[PDB]
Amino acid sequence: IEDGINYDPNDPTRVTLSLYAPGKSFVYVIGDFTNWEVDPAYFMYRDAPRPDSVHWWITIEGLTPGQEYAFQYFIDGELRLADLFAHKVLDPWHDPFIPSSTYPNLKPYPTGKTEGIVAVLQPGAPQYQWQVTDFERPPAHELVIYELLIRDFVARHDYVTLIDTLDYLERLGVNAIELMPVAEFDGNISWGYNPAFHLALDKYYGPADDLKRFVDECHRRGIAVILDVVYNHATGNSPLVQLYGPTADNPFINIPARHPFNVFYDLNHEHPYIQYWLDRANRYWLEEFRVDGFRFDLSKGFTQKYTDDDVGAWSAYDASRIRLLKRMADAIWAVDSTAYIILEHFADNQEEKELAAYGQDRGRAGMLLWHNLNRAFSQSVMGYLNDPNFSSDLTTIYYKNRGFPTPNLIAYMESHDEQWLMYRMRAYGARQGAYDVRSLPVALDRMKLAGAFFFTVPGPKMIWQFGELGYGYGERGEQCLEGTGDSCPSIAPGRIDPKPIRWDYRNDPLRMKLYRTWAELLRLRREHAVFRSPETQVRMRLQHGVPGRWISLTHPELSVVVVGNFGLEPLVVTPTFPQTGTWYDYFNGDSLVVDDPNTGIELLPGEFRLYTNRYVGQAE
């Protein structure tokens, strides 16, 4: 027996419920099976082996197999609380607005019988029949991740509709999908960073068995699924907050928050019960939905070290935080030794290096860290390479140039938290003569160039939905993210508000050429280890201000030179080819003789070329 809802694998008519609640006087279970009344047979037993480990529990008999029952703990005759470990809840304020098409036959809230969110249990639950048994998850350091917000990815915002997009995603050449938070969040309309029930599946995206079908279908196609998960904080609807109230008296929470950038109620990760709950949550998502790992939102917030509103102090090396993250990782890897642990961290290099290295000497992949190159890519594609404020240097895309010994950095040009590159190009892009980065077709070409200087570099990578079709700006600037230091037009939505959904972009041949370029780069990457391996040696000319940029890669199987003109006029770019001989132009289907490692390539602005030292086919 654990806290939460315990089923009997041999008897689908019964459950045992357990609640951690030191300091309480008495507890009842109320619910469908008590007609929401107080019934003595539902007064809970107190198990208190030591005063700091008080659990209330009861075994409930005589339930109907397959039936859903709503319930709450009724604590000290006042507090009605849904189970912290509920996997499904009914929300009286927001469930009325979930369409029947989104969640068929959704059990209605028991209006007037109780108040507040209720938990749902279901003895004899039908078990999804998993089809894929032999799934091999991509090596952590080879991840090419597609960040997806279900709300804005498809108009129907649900798992069953996601399944219809898988051909589109598979063909792009990504090997993992990262879903923005799926765990029960306040309301229906959210990015998902307002979690209420961290082990429940938000019903606005559809039923659990449809998510299972999605994970299984991804697995069938060799694609991993990562869940973005939000454990720094909990909303006031979380039982962590409600059980002892939203004050400093509540030992689970920090009032005030311990660090900058907190939202809702900052959790105390040093609390043993919070550690237990966190471990339970990670274990649940792995076991129940067979996901391949997690992206931990606001992982720098996993600390009791007090840094107030001082970002520099917060970001500095924090031994306690490192202990906590390692302890969490140990538990995850005891469930599944190759699950991905991805941190949205942004700490100082000493800390990030230590978390990256962790476990690599004793059976683990290390943690993966978000590596934000949105600004530098923004400057590069806009054509402001010697900007007075913002670096256009792309050198650190390669992990060793950031002083990391192993490919544990997930680089991205774009994320849900950052401006769209196409917004910045179309709103602000540079121009010279008749060459205008603000023109859509010109801007799309610059995203091909960006991709050639991104997907080709060893180490994991992430892209944000629809960048591959040139999402951003839109018709008149409405595709603009607020809060990124750009003054969006008035027509743009608020930062976390629903964004335009534009699947019609597939009908634009210019936008599909960008998609196909990225897809062809990722098709190459899939079968050529040069683009993926820690063994690859990388040299580059990606410095701030320099329009004629290049990357060389050398590996036992292949050598590659990528050339690009990030300027606004024609230029001869002179890479250092690693060897003389014939080099083959992948996209254009011809070849160049390199009689000196320093050979010039004339390029129009925005153009790139990818050369290999052996013929390996032609882009199709």
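Numbers for residues come from their place in the sequence shown, where the first is 1.
The stretch with the higher mean CA B factor, choosing between 7-15 and 597-605, is 7-15. Taking the mean C-alpha B-factor of each stretch as recorded, 60-68 and 578-586 are not equal, and the higher mean is that of 60-68. In the PDB entry, the Cα temperature factor peaks, among 563, 568, 560, 44, at 44. When the Cα B-factors of 245, 472, 451, 181 are read from the PDB record, 245 comes out highest. Remark: residue 523 belongs to the middle third of its chain, ranked by C-alpha B-factor as recorded. Among the modelled residues of its chain, residue 438 has a C-alpha B-factor that falls in the middle third, as given in the PDB entry. When the modelled residues of the chain are ordered by C-alpha B-factor, residue 257 sits in the highest third. Residue 170: CA B factor lies in the middle third for its chain, per the PDB record. In the deposited entry, the Cα temperature factor of residue 401 sits in the top third of values across the chain's modelled residues.
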